[PDB]
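Descriptive analysis of the structure
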Amino acid sequence: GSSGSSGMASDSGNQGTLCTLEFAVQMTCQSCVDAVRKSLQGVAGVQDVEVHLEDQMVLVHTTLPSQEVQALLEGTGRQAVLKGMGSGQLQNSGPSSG
């Protein structure tokens, strides 16, 4: 008799990409704005974070998913709602009618 078989699969998987995450955080006074920013201020992973008190918005430029940042944002005590998990701009060429 004789036999021979195998079932191995090389282990190779790279997952890493920096994207912009828009989170609508309900702010009231500076404090809230100071805490929201700090919560993600120079924090491992996070590369940038924008906080708009005018539109109670709060962006977060990190390689981590919204589900990951969401928790970090909620940790401050406020409610972080996802209003955009991506970006994209479309330009147009040609003369305009004026």
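Ordered by their spatial adjacency, four strands build an open sheet running β2-β3-β1-β4, and the pairing between neighbours is antiparallel. A strand with exactly one partner marks an edge of an open sheet, and here the two such strands are β2 (48–52) and β4 (80–84). The mean angle between the axes of side-by-side strands here comes to 25°, regardless of whether they run parallel or antiparallel. As defined by bridge partners, strand β1 (residues 19–25) adjoins β4 across four bridges and the pair is classed as antiparallel. Bridge pairing in β4 links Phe-23 to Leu-82. Across the sheet, helix α2 (residues 66–74) is in contact with β1, β3 (57–62) and β4; its angle to β1 comes to roughly 40°.

In the numbering used here, UniProt assigns the feature "domain: HMA" to residues 18–81. Structurally, residues 18–81 is divided into 28% helix and 31% strand, and its ends, taken at the C-alpha atoms, are 20 Å apart.

With that out of the way, let us pick up the state of the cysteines. Scanning all chains against the criterion turns up zero disulfides. In this structure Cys-32 is not part of a disulfide, and its nearest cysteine sulfur, from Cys-29, lies 5.1 Å away.

A separate point is the nonpolar core. Grouped together as the largest cluster of nonpolar side chains are 16 residues, with contacts concentrated most on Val-58 and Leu-73. Looking at this core, the elements that each hand over two or more residues are β1, α1 (30–38), β2, β3 and α2. Apart from residues lying up to four places away in sequence, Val-58 is in contact with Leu-21, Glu-22, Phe-23, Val-25, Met-27, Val-36, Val-49, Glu-50, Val-51 and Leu-73.

Conventions adopted
- Shown numbers run from 1 along every chain as its sequence is written, which may differ from how the entry numbers residues; residues without coordinates are omitted from display.
- Side-chain numbers here rest on the full set of heavy atoms in the structure, without hydrogens or water.
- At least two bridges found by DSSP between two strands is the condition for calling them paired.
- A run of H or I in DSSP counts as a helix once it spans at least four residues, and a run of E counts as a strand once it spans at least two, with each numbered from the N terminus.
- Axis lines are fitted through C-alpha atoms, for helices just across the contact stretch, and the angle between N-to-C directions can take any value from 0 to 180 degrees.
- Throughout, a residue-residue contact means that at least one pair of heavy atoms, one from each residue, lies within 4.5 Å.
- UniProt positions are given in the numbering used here, feature names are shortened, and annotations may be inferred rather than shown by experiment.
- A pair of sulfur atoms, both from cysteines and within 2.5 Å, is called a disulfide here.
- What makes a nonpolar core is a set of buried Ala, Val, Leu, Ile, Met, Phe, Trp, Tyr and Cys residues whose side-chain atoms join them at distances within 4.5 Å.
- Summary of the burial criterion: residues with accessible area below 20% of their type's maximum are buried, those above 50% are exposed, and those between are partly exposed, where the area comes from a 1.4 Å probe applied to protein chains only.

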